[PDB]
Amino acid sequence: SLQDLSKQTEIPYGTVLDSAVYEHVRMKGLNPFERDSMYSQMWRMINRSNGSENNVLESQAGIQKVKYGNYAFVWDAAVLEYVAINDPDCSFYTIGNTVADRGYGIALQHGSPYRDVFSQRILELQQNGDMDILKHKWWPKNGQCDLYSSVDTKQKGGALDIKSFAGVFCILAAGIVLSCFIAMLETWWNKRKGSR
Amino acid sequence: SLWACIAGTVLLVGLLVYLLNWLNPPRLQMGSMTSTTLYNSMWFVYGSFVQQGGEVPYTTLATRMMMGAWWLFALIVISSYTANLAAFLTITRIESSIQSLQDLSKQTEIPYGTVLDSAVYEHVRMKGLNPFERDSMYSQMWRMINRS
Amino acid sequence: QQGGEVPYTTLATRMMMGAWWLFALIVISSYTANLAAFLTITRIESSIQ
Amino acid sequence: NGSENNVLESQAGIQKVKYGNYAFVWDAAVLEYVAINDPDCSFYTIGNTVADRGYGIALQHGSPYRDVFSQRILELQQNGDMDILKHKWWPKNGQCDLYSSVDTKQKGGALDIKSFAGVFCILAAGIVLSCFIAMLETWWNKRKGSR
Amino acid sequence: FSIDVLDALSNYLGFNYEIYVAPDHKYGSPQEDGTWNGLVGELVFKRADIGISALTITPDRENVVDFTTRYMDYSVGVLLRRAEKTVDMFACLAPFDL
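Method of structure determination, per the deposited record: cryo-EM was used for this entry, reaching 3.69 Å resolution.

Per the PDB entry, the recorded name for chain C is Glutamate receptor ionotropic, delta-2, and the organism is Homo sapiens. This entry appears in the Protein Data Bank under the title "Human delta 2 receptor activated by D-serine".

As recorded in the PDB entry, chain B goes by the name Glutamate receptor ionotropic, delta-2, listed as coming from Homo sapiens.

A. Fine view of helix α7 (residues 166-193) of chain A. Compared with the 40 Å implied by 1.5 Å per residue over 28 residues, the 41 Å span of α7(A) between its first and last C-alpha is a close match. Within α7(A) the residues assigned to the buried category are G167(A), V168(A), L172(A), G175(A), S179(A), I182(A) and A183(A). Elements in contact with the buried residues of α7(A): α1 (2-23) and α3 (61-93) of chain B. Just downstream of α7(A), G194(A) is the residue with a positive phi angle, here 65°.

B. Quick peek at empty space enclosed by the protein. The full count for this structure, using the stated rule, is 4 cavities of 30 Å³ or more. Taken as a whole, the largest cavity encloses approximately 140 Å³ of empty space. For the lining of the largest cavity, the secondary structure elements donating two or more residues are α1 (20-30) and α2 (39-46) of chain A together with β4 (76-81) of chain E. By residue class, the composition of the lining of the largest cavity is 10 nonpolar, 3 polar and no charged. Computed from the structure, the second largest cavity encloses a volume of approximately 90 Å³. Lining the second largest cavity are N21(B), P26(B), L28(B), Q29(B), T34(B), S35(B), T36(B), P57(B), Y58(B), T59(B) and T60(B). In terms of residue class, the lining of the second largest cavity is made up of 4 nonpolar, 7 polar and no charged.

C. Fine view of the packing of helix α2 (residues 38-49) of chain B against helix α1 (residues 11-41) of chain C. Between α2(B) and α1(C), the shortest axis-to-axis distance is 12 Å and the interhelical angle comes to 15°. By the angle between their axes, α2(B) is roughly parallel relative to α1(C). Pair α2(B) / α1(C) crosses with left-handed handedness. Mapping the contact onto sequence places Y39(B), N40(B), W43(B) and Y46(B) in α2(B) and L11(C), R14(C), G18(C), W21(C) and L22(C) in α1(C). For the contact of α2(B) with α1(C), a count of residues per class yields 6 nonpolar, 2 polar and 1 charged.

D. Up close: a nonpolar patch on the surface. Side chains of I57(D), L59(D), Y65(D), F69(D), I73(D), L74(D) and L76(D) sit close together on the surface and give an oily, nonpolar patch of about 670 Å² of accessible area. For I73(D), the position within the fold is in helix α3 (residues 66-79).

E. The interface of chain A and chain E, seen in detail. The interface is formed by 58 residues belonging to chain A together with 46 residues belonging to chain E. Taken together, the two surfaces of chain A and chain E that pack against each other cover about 5600 Å², and 61% of this comes from carbon and sulfur. Summed over the three residues of chain A that lose the most area to chain E, namely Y104(A), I106(A) and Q109(A), the buried surface amounts to 16% of that side. Taken together, the connections running from chain A to chain E amount to 1 salt bridge.

F. Here's a closer look at the packing of α2(B) against α3(B). All names here are of chain B. Packing of α2 against α3 leaves a shortest axis separation of 9 Å and a crossing angle of 40°. Considered as vectors, α2 and α3 are oriented oblique to each other. Of the two possible hands of crossing, α2 and α3 adopt the one that is right-handed. On the side of α2, the interface is formed by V45, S48 and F49, while α3 contributes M67, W70, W71, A74 and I78.

G. Main features of unusual backbone geometry. All names here are of chain A. Of note, the phi angle at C90 is positive, near 50°, even though the residue is not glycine. Looking at where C90 falls in the secondary structure, it is placed in the loop between α4 (77-86) and β3 (92-95). Given the relative accessible area of 12%, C90 is considered buried. The residue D101 is not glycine, and still its phi comes out positive at about 70°. By the element assignment, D101 lies in the loop between β3 and β4 (103-108). Overall, the relative accessible area of 68% leaves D101 in the exposed class.

H. Region of interest: the state of the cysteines. Residues and elements named next belong to chain A. Across all of its chains, the model carries 2 disulfides over all chains by this definition. Across a sulfur-sulfur distance of 2.0 Å, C90 and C145 are joined as a disulfide pair. Across the S-S bond of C90 and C145 the torsion is about 75°, and the bridge reads as right-handed. A residue pair is termed long-range when its members are at least 10 positions apart, and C90 in the loop between α4 and β3 and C145 in the loop between α6 (130-138) and α7 qualify at 55 residues.

Thresholds, definitions, all that
- Residues numbered from 1 in each chain as written, not as in the entry; some residues may be left out.
- Chains lettered and ligands numbered in written order.
- Part of a larger assembly, values for the part shown.
- Heavy atoms only, no water.
- Helix = DSSP H or I, 4+ residues; strand = E, 2+ residues; numbered from the N terminus.
- Expected span 1.5 Å × (residues − 1).
- Buried < 20%, exposed > 50% of the residue type's maximum accessible area, 1.4 Å probe, protein only.
- Contact = heavy atoms within 4.5 Å.
- 1 Å grid on protein atoms, 1.4 Å probe; cavity = no way out; pocket = protein on both sides within 12 Å on 5 of 7 lines; lining within 4 Å.
- Points joined across faces, edges and corners; volume = space filled by probe spheres on them.
- Nonpolar A, V, L, I, M, F, W, Y, C, P; charged D, E, K, R; others polar.
- Axes fitted to C-alpha atoms, helices over the stretch in contact; angles between N-to-C directions.
- Parallel < 35°, antiparallel > 145°, perpendicular 65-115°, else oblique.
- Left-handed = near helix turned anticlockwise from the far one by under 90°.
- Patch = residues over 30% accessible without salt bridge, like charges linked within 9 Å, V, L, I, M, F, W, Y side chains within 5 Å.
- Areas by Shrake-Rupley, 256 points an atom, 1.4 Å probe, with all protein chains shown as cover.
- Salt bridge = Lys/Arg side-chain N within 4 Å of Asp/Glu carboxyl O.
- Buried area = accessible area lost by both parts, 1.4 Å probe.
- Disulfide = S-S within 2.5 Å.

In structure tokens, the structure reads:
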């Protein structure tokens, strides 16, 4: 999730400088009247050496450093899902968080008259359900792989299973096969020796 | 299943060794203290398995090759058993403490639930079922709470 | 394990000895694995700072 | 006076790092291309994030043509064509990992002829001693030739 | 997705448009002199008429440009590399190199 990550120290993490995420974490971290105690921990990792040590200039360098390096990238989950789903190796996984209030918008020039005209049609598209058809268009539940490939642990119990060391029985089978062959060779020779 | 299959293999391999010895009888005295009956055959195979039956009298190349493979098998099995029991007992101790809903929703050995027709039940219904909560947590609680 | 040949043929005894050997093997393996566990539980501590 | 550690040339850096006990401090954008295209995958790299600096074309002082370039560069960036040129030389495709200070694959735990090698010493020593003793006892019996 | 939504508006209201990428490639922040770099900067100097992307609403941005109703909700997340821990026929033989 996120609550543990603030506590481990074997994998460093960071984010894009002067994003909104960086200012959000700087806001939560310093605030002594925060009720949580995760946010004020994370800042002590990100800010190492005035933040110059664990931050990337732009998102793609983040994703690269995650794929090759030893690093964890903090960014909009609604983006990272598409990357996780569309990696041809399916070699990433990703975890979200529940947040509300804030959301994506369209910025108009200050005082520009169109503000209500766009809001009208946005409300219409919400009523039609088109706004959900588009999300099903761009965030389908399957692609090159499945995000639920990132999890399953309900089928583990520590006990070994018949298939789980099947390679061993191959040794006994090879023993049987070679012993049969050697017995055939002995029979073939004895059929000519005519004697023990 | 496996702990039975292993024992069942012994009941086969002894008779296989008996048949192989019958197809290739020795030049030595049959039925001697170098015994050749099925009972003895299997007893020997078994003794060798548990590493302490002692000697083996047979001298054909085929039976020696079979015995070599059986000895190897034995070694592997025992070693594995030990190595695994170690792991089990080790992880046994360190087992966190559990203090999160994520724990309760990952395990299933302890069933969990609440009073029906209640704000908590409606809350978990409304949140879990909803197929747009980034489908990561939740729904796992509802899956158990809505059983039967 | 360092015992030699068990000398006697009676089925009444043999399929008791065939249990005694199992008991032996089990207890030995158990002890070994337990010691291993014991030591692996140590060597890992650090904590309280 | 800096004469003890520095070098005159980037090649003199790279080669000295490749073969000496040495480290080299240079532009990350060059070290990317040096690192990724090494067929040995022998290097790795680390970086420090410094904000708001860049590369630039330079001209004779006061030369009037400065502004024509500085406008044209914006048209090249805006449209969407200065990105293809960078994705051509830098498509960020480091097949082998050169960001780790360690290796992300050497963790199998399986023992190998190197790490196990010491155990073979005892067998060799025993073979040597046993042959030596056998030959000495053969010479000892040569004195009488009889049994 | 935002091109889809903008076309679902254009076809309804007849907008013609052309699109160009902000040169600085950053959404932007206030600077020390109070001017805005990045995509918000283009809207402050009136170089472009509308901005459209993953541009999260925040009070310090909303103070200088006007936002529509929000069309999708925000959320922070993390990307991490997959681990190993697998089982195979060779696991019987793994203690020694092949």
